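See below for the structure under consideration.
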Amino acid sequence: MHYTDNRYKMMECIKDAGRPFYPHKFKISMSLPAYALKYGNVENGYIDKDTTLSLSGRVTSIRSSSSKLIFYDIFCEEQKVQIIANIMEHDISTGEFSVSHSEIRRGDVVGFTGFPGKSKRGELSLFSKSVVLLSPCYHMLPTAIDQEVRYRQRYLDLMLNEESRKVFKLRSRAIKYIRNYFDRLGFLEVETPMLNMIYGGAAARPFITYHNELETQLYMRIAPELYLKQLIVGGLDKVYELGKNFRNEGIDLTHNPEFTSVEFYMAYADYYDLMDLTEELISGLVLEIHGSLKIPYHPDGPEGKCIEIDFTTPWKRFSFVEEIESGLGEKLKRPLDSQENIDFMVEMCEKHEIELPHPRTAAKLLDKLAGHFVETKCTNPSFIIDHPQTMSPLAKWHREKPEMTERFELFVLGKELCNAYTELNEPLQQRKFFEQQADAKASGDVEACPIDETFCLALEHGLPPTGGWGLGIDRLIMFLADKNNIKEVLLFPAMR
Amino acid sequence: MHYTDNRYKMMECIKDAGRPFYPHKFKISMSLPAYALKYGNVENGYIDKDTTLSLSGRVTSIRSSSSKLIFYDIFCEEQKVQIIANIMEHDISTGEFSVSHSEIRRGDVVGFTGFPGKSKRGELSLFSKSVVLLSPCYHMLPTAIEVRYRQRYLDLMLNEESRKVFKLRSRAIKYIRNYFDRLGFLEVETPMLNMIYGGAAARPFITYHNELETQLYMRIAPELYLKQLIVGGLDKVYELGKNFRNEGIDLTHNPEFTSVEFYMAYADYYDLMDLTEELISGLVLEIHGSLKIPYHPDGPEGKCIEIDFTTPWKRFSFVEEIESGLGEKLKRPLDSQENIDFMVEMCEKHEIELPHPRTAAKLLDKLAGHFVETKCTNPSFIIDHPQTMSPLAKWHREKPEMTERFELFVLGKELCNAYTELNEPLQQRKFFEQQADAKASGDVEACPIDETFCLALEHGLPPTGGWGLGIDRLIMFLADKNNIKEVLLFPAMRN
Ligand SMILES: Cc1nc(N)c2c(F)c(F)c(NC3CCCC3)c(F)c2n1
Ligand SMILES: Cc1nc(N)c2c(F)c(F)c(NC3CCCC3)c(F)c2n1
Ligand SMILES: N[C@@H](CCCC[NH3+])C(=O)O
Ligand SMILES: N[C@@H](CCCC[NH3+])C(=O)O
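The listed protein sequences correspond, in order, to chains A and B. With PDB author numbering applied, the first sequence covers 45 to 189, 194 to 544. With PDB author numbering applied, the second sequence covers 45 to 189, 196 to 545.
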């Protein structure tokens, strides 16, 4: 408290004494990484008194070793440089040496000018002639990392923690890799609305807002799917979209209210093609980052066990209904959306201590059974395939299997990474399934979507046979970076 | 008329007869562009009966020239191919020829199999043996182009110029990311859902997170989060994404738009002007091959002007240019009641519509809009905005009451807003207080105080330059469109 108040006072004094107060521009000669590249291999004790250079960074250390000599460490752009300030080299036009230095504190952003080289002891250094206080720190900084501070004051985390800074660099590398993959395949990158008069395209509860001048509610998108498929009607053939989607839902280690996904739509692909592309893309990215397809993961955090996740392709397929039936020891009732099957599935939830959905739709019940019996088998990347139509309103009926669709989900360690299907392109059925969804919504299903007449009209203009797909990039980055909490891979995660 | 209902009946009949009904997969041999590249300069009348290929596209034309011969055009991936369906080549296992072809209509997505080559008249063709109805069109299509915006797929299907716009849009965005990537910037993502909105003069959307029992705002800008990353030591960050406004819609405003903002440690606004020129002139040159480009300010039926991106671009000093327009000086201080009253008098004198409330900032903005933005045809910087209208901009190092800020205007439309960032927490808190006071007096564009940001500044924001570009508006100039609805796939439309 006192430190902060006092620093404010000290800065007002500087201001009133006509001393440098928040200089507008400090011209660096080079970055600290550049400085290190240039001078890092000079001989011990090397100094170039013929070269004057300006540097800047945040002060991480101050040591006055004598009345004549002050050592600083400064850090910038992942590089530390030592500053050696000797009273005999001080430019007195900037002030008396003791006055100039007395203004600086650990944590301040400062500039220095001097001669480059290396101390006798071998430390990369600048032998300074001046110091400029650029931006003071008004708080006594913790020397290294409630741990909610890391998320509510992420700048402190970034200032102190190299590991955290590497995660956000990895994130960008992964996103660039994904855009590059689609770009090179001839996909067009597009942007479709995040504000929708009618939400759709996922099993999700939306955020609701209002546009005053247009006099309408708008929803924040839960997915770009319905717009993207209109682009395939439009003849663009191969589109993708990489950006934010939203969920008005609870938060946990794998769920934030906004997340980054990539979805693509490819004319003439079916879900078998999509499985192959998924394997290719994700195994590629894993290899790019890790140099093989078998990678470490710490499911319980860095002090817990280390397992190995094996991305060798092809991946296991589990058939949705068959794996539930294997778990139950008996068959689901047919049709799967009958009252007989609903009742059987409720009975099985009691028998197996599975928490019921609300409302008890056939789709929701199927999902809870899959959660318990099938997603739990998905340790290494595994596809869960052939989802019932009743839970898959936008997925095309299976060419072989009654009541099923051409759908998959990718799971890694029981977490959903992808959702994809041969797209439903038949408008009569699509409208019927939308009606069923609106019915479910009306019955209290907060994840069911309203009918979208604009989409049905688009289907009436002819959607080519198409395959579509989505990937939760944050969740993938958790595996790539070895983090078990979504808050580690988002700069500013949601907090209760 | 009954065309849609009839098509539904046709499809039901097909389904009930066991005939092909929405096949799941059609395996093409090659794309239509690849087909054209391979066979496009065979000899007239060339046919290779030894090669059977499968091709697919949308039917753009049908001519049943006789009982025995039907000509189709199909279109896919920017390439048209002619199909010649002769009864003598028809595979009867797929049905009788008349039955098979009776199912096809203009606009349908179809597949064909057949032999490659060229008609006697020299048209690249497939000599087909079968046809598969993949996805019917239930509507009679216009032969050529509000419908373009409400049913964008029709525009895309029929209008090459519309497809070109969205390709150019992607090229431009890729160019931008590349520009910052090569300079060593880190691309980041910061929250679109904010507990406390800020960083622009704008009314936000408001929503609610049920589980966390909290009101949220949709962002109007990323600026306050981005600056925290520079406090964090990331040094160079950029963010290219959507921002939101709960405001009116017009030819240059949609309720969501795409902007890029960057934050560069150690830059001032002079550095940012230089970067602006280099990025934008470079992108213009890339797309147009000149720095002088055509524009149709009143649409394609109006006149054509030239916009000149040659550097150095014009600078106008905000207050000096107002005073040149007035033929008299503003009162000082600029935020005094005396100057507010004087600016109201000047608005009345010059028939400038008054803002509400009549704050010093709003009045200055109205004056600039009348006297200064109207001078900005070619790319021009308006510089050195008053502090009272610039709560996040650092005080001018020379000019009392001003800041180190610029806006870029093209044809009087705002493209960029940028400044030497305020990094001094005492003043920053005071300016936020003034904004909250404006809000309380009725200013629907003023933002509430963000304590979290002020506390970040107390940890030491290096001297920094920050900047934002409205990408859509830039694309309007690059693609020569005067309506924002032309450069967004799915623009907002009145009910
Ligand atoms: C961090 C985070 N938060 C959420 N809330 C998510 C979500 F709800 C999801 F449905 C979700 N599914 C993926 C499969 C296809 C689209 C993306 C996610 F990857 C989520 N990722
Ligand atoms: C299509 C569209 N619609 C809007 N509503 C815009 C807006 F409000 C704006 F403030 C705005 N300023 C730009 C200058 C810096 C940030 C972006 C725009 F470029 C907008 N572009
Ligand atoms: N929109 C889906 C992903 C794409 C599914 C296939 N079209 C989701 O949000 O889960
Ligand atoms: N956030 C500003 C652009 C950045 C200005 C400089 N920090 C805007 O929305 O106008």
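A virtual CB, placed ideally from N, CA and C, is assigned to each residue, including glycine.
Open item on the list: Counting C-beta neighbours from all protein chains within 10 Å, is the total for A:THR514 16 or more, i.e. buried, or is it exposed?
Closed with: buried
TODO: Enumerate in chain order the residues of its own chain whose CB-to-CB distance from B:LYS59 is below 8 Å, with the five nearest sequence positions on each side excluded.
DONE: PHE65
- [ ] Report yes or no: do the segment 131 to 146 of chain B and the segment 164 to 173 of chain B share at least 3 C-beta pairs separated by less than 8 Å?
- [x] yes
Open item on the list: Any heavy atom of ligand 3 inside 7 Å of the beta-carbon of A:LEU442?
Closed with: yes
Task: Within 8 Å, strictly: CB atoms of A:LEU236 and B:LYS53 - done: no
Task: Per-residue DSSP class, three states only, for A:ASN130 - done: strand
Open item on the list: Suppose the cutoff is 6 Å on Cβ atoms and the five residues either side in sequence are ignored; what does the same chain contact list for A:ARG198 look like?
Closed with: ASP205
Task: Whole runs of the alpha helix (DSSP H) within the segment 381 to 445 of chain B, excluding any shorter than 4 residues - done: 387 to 400 and 410 to 421
- [ ] Only counting runs of 4 or more residues, tell me where the alpha helix (DSSP H) segments fall wholly within the segment 107 to 174 of chain A, in order along the chain.
- [x] 141 to 146
Open item on the list: Count Cβ pairs between the segment 476 to 494 of chain A and the segment 396 to 416 of chain A that sit closer than 8 Å; are there 3 or more?
Closed with: yes
- [ ] Could you say which of B:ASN88, B:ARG150, B:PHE456 and B:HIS338 lies nearest to B:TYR116 if we only look at CA atoms?
- [x] B:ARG150
TODO: Let me know if A:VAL537 comes out buried or exposed under the rule of 16 or more other beta-carbons within 10 Å of its beta-carbon.
DONE: buried
Task: chain A contact for B:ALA129 (CB, 8 Å cutoff) - done: no
Task: Length of the line joining the Cα atoms of A:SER109 and A:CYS120 - done: 24 Å
Task: Whole-angstrom distance between B:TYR79 and B:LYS93, CA atom to CA atom - done: 16 Å
Open item on the list: Tell me the DSSP secondary structure of A:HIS338 in three-state form.
Closed with: helix
Open item on the list: Whole angstroms are fine: how far does the CA of A:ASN209 sit from the CA of A:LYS164?
Closed with: 30 Å
Open item on the list: Going by DSSP, what residue range makes up the beta strand (DSSP E) through B:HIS259?
Closed with: 256 to 259
Open item on the list: For B:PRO541 and B:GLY520, what's the separation of their Cα atoms in angstroms?
Closed with: 15 Å
Open item on the list: For ligand 1, I want to know if A:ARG269 counts as a neighbour, meaning its beta carbon is within less than 7 Å of at least one of the ligand's heavy atoms.
Closed with: no
- [ ] Tell me where the beta strand (DSSP E) around A:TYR313 begins and ends.
- [x] 306 to 315
Open item on the list: Which same chain residues end up closer than 6 Å to A:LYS535 when comparing Cβ atoms and leaving out the 5 residues on each side of it in sequence?
Closed with: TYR199 and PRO541
Open item on the list: For B:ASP49, report the span of its beta strand (DSSP E) as first-last.
Closed with: Premise fails: B:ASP49 lies in the alpha helix (DSSP H), 47 to 60, not in any beta strand (DSSP E).
Task: the segment 323 to 334 of chain A: positions lying closer than 9 Å to chain B by Cβ - done: none
TODO: Tell me, please, whether the segment 419 to 432 of chain A touches the segment 362 to 378 of chain A by the rule of three or more beta-carbon pairs shorter than 8 Å.
DONE: yes
Open item on the list: For B:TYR267, tell me which candidate among B:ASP434, B:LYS381 and B:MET245 has the shortest Cα-Cα distance.
Closed with: B:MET245
Open item on the list: Going by DSSP, what residue range makes up the alpha helix (DSSP H) through A:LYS217?
Closed with: 210 to 232
Task: 7 Å Cβ shell around A:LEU168 - same chain, five flanking residues per side excluded - done: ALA80, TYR83, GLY84, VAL125, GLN126 and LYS162
Open item on the list: Please list, in chain order, the chain B residues whose beta carbon lies closer than 7 Å to that of A:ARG202.
Closed with: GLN278 and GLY282
- [ ] Can you say whether B:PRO450 is buried or exposed, counting buried as having 16 or more other CB atoms within 10 angstroms of its CB?
- [x] exposed
Open item on the list: If the cut-off is 7 Å on Cβ atoms, which residues from the segment 236 to 263 of chain B count as contacting chain A, listed in chain order?
Closed with: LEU236, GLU237, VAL238, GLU239, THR240, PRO241, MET242, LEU243, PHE255, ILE256, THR257, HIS259, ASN260, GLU261 and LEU262
TODO: State yes or no: is the beta carbon of A:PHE230 nearer than 8 Å to at least one beta carbon in chain B?
DONE: no
- [ ] Starting from the Cα of B:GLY352, find the closest Cα among B:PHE359, B:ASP358 and B:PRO344 and give me that residue.
- [x] B:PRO344
Open item on the list: Between which residues of its own chain and A:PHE294 is the CB-CB distance below 6 Å, once the five residues before and five after are set aside?
Closed with: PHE255, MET268 and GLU306
Open item on the list: Which of the three DSSP states is assigned to A:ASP522 in this structure?
Closed with: helix
- [ ] Check whether the Cβ atoms of B:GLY516 and B:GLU464 lie closer than 8 Å to each other.
- [x] no
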